[PDB]
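These are the residues of each chain, in order.
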Amino acid sequence: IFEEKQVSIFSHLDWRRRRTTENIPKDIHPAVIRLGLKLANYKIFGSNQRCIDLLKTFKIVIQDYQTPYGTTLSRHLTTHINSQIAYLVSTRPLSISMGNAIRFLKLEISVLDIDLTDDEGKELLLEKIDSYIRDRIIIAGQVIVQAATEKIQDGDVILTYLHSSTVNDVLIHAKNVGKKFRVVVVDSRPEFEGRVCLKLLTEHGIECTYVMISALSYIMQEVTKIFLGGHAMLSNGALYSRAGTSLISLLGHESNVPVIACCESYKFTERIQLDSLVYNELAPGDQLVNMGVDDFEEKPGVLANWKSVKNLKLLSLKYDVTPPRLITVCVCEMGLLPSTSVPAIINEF
Amino acid sequence: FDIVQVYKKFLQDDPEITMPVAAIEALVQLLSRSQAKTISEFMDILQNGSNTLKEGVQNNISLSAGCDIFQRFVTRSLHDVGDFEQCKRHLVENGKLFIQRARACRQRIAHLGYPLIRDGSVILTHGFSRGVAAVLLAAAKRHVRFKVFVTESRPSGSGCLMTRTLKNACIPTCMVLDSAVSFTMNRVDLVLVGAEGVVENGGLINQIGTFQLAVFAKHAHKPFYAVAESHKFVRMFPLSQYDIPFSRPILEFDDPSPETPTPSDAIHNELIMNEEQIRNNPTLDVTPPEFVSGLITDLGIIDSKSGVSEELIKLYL
């Protein structure tokens, strides 16, 4: 139990990670272990890609699952997966995409017909997982890409933030179909995921400009359109994405630049956050220590001993909540919709 | 003496004069033909003369400003062991040498204003203003590449005159309707207007379509600059953008008893309002200082606009 929430505003955020397989429970599937290691040690691993790998992992878990004598398949498979989840959660907090897919899988297990034999039950679950990835993630993503690349006019200067697989695929596809444009890649500390983006975009021959988020004001005067890949859309219409995304949207608003949020409908949640502190994810403050424009290359930082230093704390939040009034349009597989249509789309399932 | 007739007289005399200055010249040539010689006689005078002037012209704000400047110069050097006559000649002597600076104020404005236009920018202006034109022209001679949207400014129709004025200087122009100004704001880099008068809080009294431009500018996050000479500063405090002395009755309604199709692409120039109706519409509006980026004057660019107040504070003691 962790209950003590003290003066610090960040105190409630869970900071405990598991980077190794030391003292691991014996009931954890090998496929889950590998996923868990990739989760807490990867650096660019899209929210979509996280969900896809999770579902494909659960497929292996279910396939190899043999129901015990102490229960039917319905009641205990949820227990076995609950163990796999708890371990995965310990490595790194679940994404909204992962959390939603989990609620989906748990549901279909409970609505499994008991008259089905265990092999028919497993076969069916794998069918629906296959259909979930196919429809809700892949096809939905394709629709978003085409619908969003539609809004790109010749002469546009598209701003993007960090590394968004959705936005990346939109920009690339735009280049392919013959759209004439250029891109502003905005990057940020503690980790320069925007360089991963810049590499991908330049490899496809897309004309790019690379700046830090501090130079936002300067570079915003060249931007015609802003494209954002989301982690989740809140039910009040707010966009839940990485880092400075709200800052991009805020300064984008002041320069009359349309803020376009691209998010698959399966990443819509019923949660509504008012501030960016209540639901977030802490990143290790040690990332902020070494500063000279690189992640692991080493030369001693001024804040290296910050844990030992009294009253000196470092932290980097992974996400923030961009208010709905700063988002112009939400692009999903349902088409271009006002972001306040999120809870409406949810009921349509 | 028909001071009014005179005041109008300059106005036609010289297109480049300002309504406040024309009032100052008015009072001067009254102060020439003024027999006077009693401070009681000496100062009874114009006051009936600017009063008569104020009551003789219907929209009186600008000339009231030039008035207000005149008497405060009068009593402040009539205070000081003040003899009358030395100011009476000195005003009549240097009357020519008044519409000197007034003309030099506008040029000072243009030399301050023109760098606000930079290469490849699009300017938006409402109606015709000598000060705005001065700034734009001064920038044009320096071979600066820019283009100007000009609003068809009903009822005055000043948009045509300003468009031709700028066309003569080989400045690319385009006219927009009063209803299309908002649609053009995304293409506008800077908005530039003149003003007949500037009130105590630094607000603008100008043509009826002015405040709408300042509104669209604020909404589109575009700079809004006003161009006015210092002698347009007037001590009066409108409590709203509706609070000004009305020349004619305004915005009043029909009284009908049982009295006995158009597409959007259609252009009907014969479907405008008549002048009887137009005389029921206002001639001027008021633009709050929070819509004015900077106020270009001969005193420099005033951004504070507690500073226009500062100047009126100095004027009065």
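Residues numbered from 1 in each chain as written, not as in the entry; some residues may be left out. Chains lettered and ligands numbered in written order. Part of a larger assembly, values for the part shown. Heavy atoms only, no water.

Determination of this PDB entry was carried out by X-ray crystallography to a resolution of 2.9940 Å, according to the record.

*Asks:* Would you mind going over the overall build of chain B with me for this structure?
*Replies:* If you tally the helices and strands in chain B, you get 12 helices and 10 strands. Its C-alpha radius of gyration of 21 Å places chain B within 12% of the 20 Å reference for a compact globule of 317 residues. Burial analysis of chain B (317 residues in total) assigns 47% to the buried set. Accessible surface for chain B amounts to roughly 17300 Å². Of this, 54% is attributable to carbon and sulfur atoms. Averaging the positions of the 32 positive and the 35 negative side-chain charges in chain B gives two centres separated by 9 Å. (Helix = DSSP H or I, 4+ residues; strand = E, 2+ residues; numbered from the N terminus. Rg over C-alpha atoms; globule rule 2.2 N^0.38 Å. Buried < 20%, exposed > 50% of the residue type's maximum accessible area, 1.4 Å probe, protein only. Areas by Shrake-Rupley, 256 points an atom, 1.4 Å probe, with all protein chains shown as cover. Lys, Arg positive; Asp, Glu negative; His and termini not counted. Charge placed at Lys NZ, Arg CZ, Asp CG, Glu CD.)

*Asks:* Before we go on, may I ask you to explain the nonpolar core in this structure?
*Replies:* General note: in soluble globular proteins, nonpolar side chains tend to be found buried as a group. In terms of nonpolar packing, the biggest core is built from 33 residues, with A:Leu55, A:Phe58, A:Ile62, A:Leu77, A:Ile81 and A:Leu105 touching the most fellow members. For this core, the secondary structure elements donating two or more residues are helix 1 (30-41), helix 2 (47-64), helix 3 (73-91), helix 4 (96-110) and helix 5 (118-149) of chain A. Top element by residues in this core is helix 2 of chain A. It accounts for 7 residues. Non-local contacts of A:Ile62, meaning those with residues more than four positions away in its chain, are made with A:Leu77, A:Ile81, A:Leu105, A:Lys122, A:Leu125, A:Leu126 and A:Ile129. Counting residues in hydrophobic clusters, the runner-up holds 29 residues, among them B:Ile3, B:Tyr7, B:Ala23 and B:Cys67. (Core = buried A, V, L, I, M, F, W, Y, C linked by side-chain atoms within 4.5 Å. Contact = heavy atoms within 4.5 Å.)

*Asks:* Help me understand the pattern of salt bridges in this model?
*Replies:* A side chain with one charge can pair with a side chain of the opposite charge if their charged atoms come near. Applying the stated criterion across every chain, the model contains 23 salt bridges over all chains. With a shortest N-O distance of 3.1 Å, A:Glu281 and A:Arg92 are connected by a salt bridge. Taken as a pair, A:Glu281 in the loop between strand 7 (259-262) and strand 8 (282-283) and A:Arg92 in the loop between helix 3 and helix 4 lie far apart in primary sequence, 189 residues in all. With respect to class, A:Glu281 is no different from A:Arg92; both count as buried. When salt bridges that share partners are traced, they join B:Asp14, B:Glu16 and B:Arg103 into one network. (Salt bridge = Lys/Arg side-chain N within 4 Å of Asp/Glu carboxyl O.)

*Asks:* What am I meant to see in the domain arrangement of chain B here?
*Replies:* The parts lose accessible area when they come together, and the size of an interface is often stated as this lost area. All names here are of chain B. In terms of domain boundaries, chain B breaks down into domain 1 (3-110) and domain 2 (111-315). Each partner contributes residues to the interface: domain 1 has 23 residues there, and domain 2 has 29 residues. Both sides of the domain 1 and domain 2 interface together cover about 2300 Å² of buried area, and 60% of this is carbon and sulfur. When residues of domain 1 are sorted by the area they lose upon contact with domain 2, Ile61, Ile109 and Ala110 head the list and together hold 30% of the total. We note a salt bridge from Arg106 to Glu229, for which the minimum N-O separation is 3.3 Å. Taken together, the links from domain 1 to domain 2 amount to 16 residue pairs in polar contact. Secondary structure elements with two or more residues in the side of domain 1 that touches domain 2: helix 2 (19-30), helix 5 (61-78) and helix 7 (99-113). Of the residues in the side of domain 1 that touches domain 2, the class split is 12 nonpolar, 6 polar and 5 charged. (Domains from an automatic or database assignment. Buried area = accessible area lost by both parts, 1.4 Å probe. Polar contact = N/O pair within 3.5 Å; in protein donor to acceptor, adjacent residues only side chain to side chain. Nonpolar A, V, L, I, M, F, W, Y, C, P; charged D, E, K, R; others polar.)

*Asks:* Help me out: how do you make sense of the sheet that holds strand 8 (residues 284-287) of chain B in this one?
*Replies:* Paired through backbone hydrogen bonds, the strands of a sheet run either parallel or antiparallel to each other. All names here are of chain B. Spatial ordering of the open sheet is given by 5-6-8, a layout of 3 strands whose pairing is antiparallel. Edge positions in the sheet fall to strand 5 (197-198) and strand 8, since each has one partner strand and no second. Helix 10 (residues 210-219) contacts strand 6 (204-207) and strand 8 of the sheet and is inclined by roughly 35° relative to strand 8. (Pairing = 2+ DSSP bridges. Axes fitted to C-alpha atoms, helices over the stretch in contact; angles between N-to-C directions.)

*Asks:* Can you walk me through the packing of helix 7 of chain B against helix 8 (residues 130-141) of chain B in this structure?
*Replies:* Angle between the axes and distance between the axes: these two values describe a pair of packed helices. All names here are of chain B. In the contact formed by helix 7 and helix 8, the axes pass within 8 Å of each other and the chain directions differ by 50°. It follows from the interaxial angle that helix 7 and helix 8 lie oblique. Handedness of the crossing formed by helix 7 with helix 8: right-handed. Contacts from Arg106, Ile109, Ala110 and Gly113 in helix 7 reach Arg130, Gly131, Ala134, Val135 and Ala138 in helix 8. In the contact of helix 7 with helix 8, the residues fall into 5 nonpolar, 2 polar and 2 charged. (Parallel < 35°, antiparallel > 145°, perpendicular 65-115°, else oblique. Left-handed = near helix turned anticlockwise from the far one by under 90°.)

*Asks:* Just to check I follow, could you spell out the packing of aromatic side chains for this structure?
*Replies:* Describing an aromatic ring pair means giving the distance of the ring centres and the angle of the ring planes. As enumerated under the stated definition, the model contains 6 aromatic pairs over all chains in all. Taken together, the ring pairs in this structure connect A:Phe104, A:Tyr132 and A:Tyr266 into an aromatic cluster. Just above the ring of A:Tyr279 sits the side chain of A:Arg271; from NZ or CZ to the centre is 4.3 Å. Between the NZ or CZ atom of B:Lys218 and the centre of the ring of B:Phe291, over which it lies, the distance is 5.2 Å. (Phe/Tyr/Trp six-rings, centres within 6.5 Å; stacked < 30°, edge-to-face > 60°. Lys NZ or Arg CZ within 6 Å of the ring centre and 35° of its normal.)

*Asks:* For this particular structure, what's the right way to read the pairing of strand 8 of chain B?
*Replies:* Regular strands place side chains that alternate from one sheet face to the opposite one. Residues and elements named next belong to chain B. Burial along strand 8 is two-sided: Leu284 and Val286 and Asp285 and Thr287, pointing in opposite directions, are all buried. Two elements, strand 6 and strand 8, share 4 bridges in a ladder whose sense is antiparallel. Bridge pairing in strand 8 links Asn206 to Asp285.

*Asks:* Just to check I follow, could you spell out the side chain of A:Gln84 for this structure?
*Replies:* Residues and elements named next belong to chain A. Among the secondary structure elements, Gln84 is positioned in helix 3. Separated by 2.9 Å, the side chain of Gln84 and the backbone nitrogen of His29 make a polar contact. Separated by 3.3 Å, the side chain of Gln84 and the backbone oxygen of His80 make a polar contact. When near neighbours in sequence (up to four residues on either side) are disregarded, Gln84 contacts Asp27, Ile28, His29, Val32, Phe58 and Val61.

*Asks:* What is the right way to look at the sheet that holds strand 4 (residues 225-229) of chain A in this model?
*Replies:* Residue and element names in this part refer to chain A. As summarised here, the arrangement of the 7 strands in space is 3-2-1-4-7-11-12, forming an open sheet in which the pairing is mixed. Of all the strands in the sheet, the pair left with one neighbour each is strand 3 (208-212) and strand 12 (335-337). Averaged over all pairs of adjacent strands, the angle between their axes in this sheet comes to 25°, without regard to strand direction. One ladder, built from 5 bridges, connects strand 2 (residues 182-187) with strand 3; its direction is parallel. The partner of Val184 across the bridge, within strand 3, is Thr209. Strands in contact with helix 5 are strand 4, strand 7, strand 11 (329-332) and strand 12; relative to strand 11, the strand with the most contacts, it is inclined by about 135°. Each of strand 1 (157-161), strand 2, strand 4 and strand 7 touches helix 6 (residues 165-177); the most contacted strand, strand 4, lies at about 135° to it.

*Asks:* Any chance you could explain the domain arrangement of chain A here in plain terms?
*Replies:* Residue and element names in this part refer to chain A. Considered domain by domain, chain A is made up of domain 1 (1-143) and domain 2 (144-349). Here domain 1 packs against domain 2, burying approximately 2500 Å² in sum over the two surfaces, 53% of which is carbon and sulfur. Our count for the contact surface shared by domain 1 and domain 2 stands at 2 salt bridges. Its salt-bridge partner being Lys43, residue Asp295 comes within 2.9 Å of it at the nearest N-O pair. Our count for the contact surface shared by domain 1 and domain 2 stands at 18 residue pairs in polar contact. Of all the secondary structure elements, the ones that give two or more residues to the side of domain 1 that touches domain 2 are helix 2, helix 4 and helix 5. Among the elements that make up the side of domain 1 that touches domain 2, the one with the highest residue count is helix 5 (7 residues). Here the side of domain 1 that touches domain 2 is composed, by residue class, of 12 nonpolar, 8 polar and 7 charged.

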